[PDB]
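Going down the list, the protein sequences come from chains B and A. Position 10, counted from 1, in the first sequence is what PDB author numbering calls 10; the numbers after and before it change by one each time, with no gaps. Position 5, counted from 1, in the second sequence is what PDB author numbering calls 5; the numbers after and before it change by one each time, with no gaps. Using N, Cα and C, we set each Cβ at its ideal position, and we do this for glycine too. The structure appears below as structure tokens.
Number of protein chains: 2
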Amino acid sequence: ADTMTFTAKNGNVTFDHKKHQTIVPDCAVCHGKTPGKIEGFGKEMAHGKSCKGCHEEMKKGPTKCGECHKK
Amino acid sequence: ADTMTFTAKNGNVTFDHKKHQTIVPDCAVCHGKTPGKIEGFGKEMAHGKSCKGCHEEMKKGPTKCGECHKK
Ligand code: HEM
Ligand code: HEM
Ligand code: HEM
Ligand code: HEM
Ligand code: HEM
Ligand code: HEM
């Protein structure tokens, strides 16, 4: 439906945008004031606040390498 | 499901893999013998035969930078 697959040499990472919208109901959490592309998105942001950091803080969702990176 | 994102400093590239699976004759066109991770995939391959080259040769699909790279 609205799943984004981010390529990574160590295993692609599948992100269900629609599901995340259903459970994080404020776009601004991920996008600030402009839902759309996230400037700079890549490894550093994904391993920080844009992906892994939320999972770590909320104790829900993937935090170990292999939970995201699927060979 | 629905799209792949190839992160790039000059604008991420969104790629409808399923659509390409449908219209492009055989997985081997992009994957060789077996579908799996495309070793080396990146700028050189994308600007060559893996992406842009097909679009140019077959006169269908994006060949201009901004048609693929979106900020
Ligand atoms: C210590 C554990 C991890 C290691 C060693 C690791 C390794 C890497 C590496 C090497 C890359 C760059 C890939 C490339 O440029 O081809 C990358 C990117 C990425 N990682 Fe991880 N990763 C880990 C944990 C995670 C986790 C837990 C997540 C999910 C929450 C994640 C999500 C991502 C995403 C989405 C990208 C790609 C951003 C883009 O598309 O450019 N990683 N990771
Ligand atoms: C209803 C609230 C939201 C709206 C309206 C929204 C909208 C969008 C839009 C328009 C895109 C661009 C798709 C494209 O490139 O064509 C996008 C991408 C994205 N969204 Fe959301 N989103 C929302 C909530 C969220 C949430 C809560 C998260 C984090 C959990 C999130 C994470 C992302 C990520 C990682 C991308 C890919 C960014 C990129 O490729 O640069 N979104 N979103
Ligand atoms: C692009 C960055 C992100 C990636 C790659 C990512 C990836 C994932 C994956 C693979 C799952 C498990 C599969 C699923 O249930 O859909 C998941 C679950 C989850 N994520 Fe993320 N996520 C990202 C960003 C975020 C952010 C920024 C937050 C919080 C603000 C968040 C909160 C959650 C939560 C609460 C779950 C648990 C879902 C459940 O238990 O049903 N994620 N995420
Ligand atoms: C002359 C026009 C173009 C320029 C100047 C350009 C520029 C670039 C640059 C600088 C990169 C490397 C990005 C990075 O390392 O962060 C890149 C990679 C890439 N470009 Fe282009 N590009 C052009 C045309 C195209 C077109 C037409 C397509 C689509 C058919 C395309 C698809 C890609 C893809 C898929 C990557 C690889 C991103 C990744 O590593 O995942 N480019 N391009
Ligand atoms: C039905 C035929 C196809 C199958 C079964 C298939 C399967 C796959 C699989 C399993 C992956 C993930 C590989 C990984 O672990 O990274 C993948 C990624 C990819 N495929 Fe396909 N594919 C097919 C057709 C195509 C076609 C026709 C193209 C080119 C037009 C293509 C281009 C790509 C690209 C660029 C990736 C991302 C890079 C990568 O992850 O290796 N695929 N495909
Ligand atoms: C990973 C490499 C490639 C990338 C990033 C890429 C990207 C795109 C994009 C952005 C479009 C326009 C949006 C869409 O119609 O889905 C497109 C269309 C198209 N691509 Fe590719 N492409 C790739 C590889 C290929 C290859 C190898 C072929 C031929 C073997 C091909 C054939 C086509 C065709 C025929 C269209 C036209 C679809 C239509 O008219 O509706 N593409 N591609």
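Contact set between residue i and chain A, taken where Cβ atoms lie within less than 8 Å
{"i": "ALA28(B)", "result": "Within chain A, no residue comes near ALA28(B); the closest Cβ sits about 20 Å away, beyond 8 Å."}
{"i": "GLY48(B)", "result": "Within 8 Å Cβ-Cβ: nothing; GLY48(B) doesn't reach chain A, min ~15 Å."}
{"i": "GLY66(B)", "result": "By Cβ distance, chain A contributes nothing, its closest Cβ being about 15 Å from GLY66(B), past 8 Å."}
{"i": "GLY42(B)", "result": "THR7"}
For residue i, three-class secondary structure by DSSP
{"i": "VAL13(A)", "result": "strand"}
{"i": "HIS69(B)", "result": "coil"}
{"i": "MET45(A)", "result": "helix"}
{"i": "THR3(A)", "result": "strand"}
{"i": "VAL29(A)", "result": "helix"}
{"i": "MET58(B)", "result": "helix"}
Partner residues on chain B for residue i, Cβ-Cβ distance less than 8 Å
{"i": "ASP2(A)", "result": "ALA1, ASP2, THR3, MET4"}
Assigned exposure category for residue i - 16 Cβ within 10 Å defines buried
{"i": "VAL13(A)", "result": "buried"}
{"i": "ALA1(A)", "result": "exposed"}
{"i": "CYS27(B)", "result": "exposed"}
{"i": "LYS52(B)", "result": "buried"}
Contact set for residue i: own chain, Cβ-Cβ below 8 Å, skip 5 residues either direction
{"i": "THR5(A)", "result": "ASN12, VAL13, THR14, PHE15"}
{"i": "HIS20(B)", "result": "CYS30"}
{"i": "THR3(B)", "result": "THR14, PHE15, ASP16, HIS17, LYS18"}
{"i": "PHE41(B)", "result": "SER50"}
Same chain, Cβ closer than 7 Å to residue i, neighbours up to 5 away in sequence not counted
{"i": "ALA8(B)", "result": "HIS69"}
Cβ neighbours of residue i in the same chain (closer than 6 Å, five flanking residues each side left out)
{"i": "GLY61(B)", "result": "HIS55"}
{"i": "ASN10(A)", "result": "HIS69"}
{"i": "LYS71(A)", "result": "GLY11"}
Per-residue contacts from residue i into chain B (C-beta, under 9 Å)
{"i": "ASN10(A)", "result": "The contacting residues do not exist; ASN10(A) stays about 12 Å from chain B at best."}
{"i": "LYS70(A)", "result": "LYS37"}
Neighbour list for residue i in chain A, Cβ cutoff strictly below 9 Å
{"i": "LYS19(B)", "result": "Residues of chain A passing the Cβ test: none, with the nearest at roughly 12 Å."}
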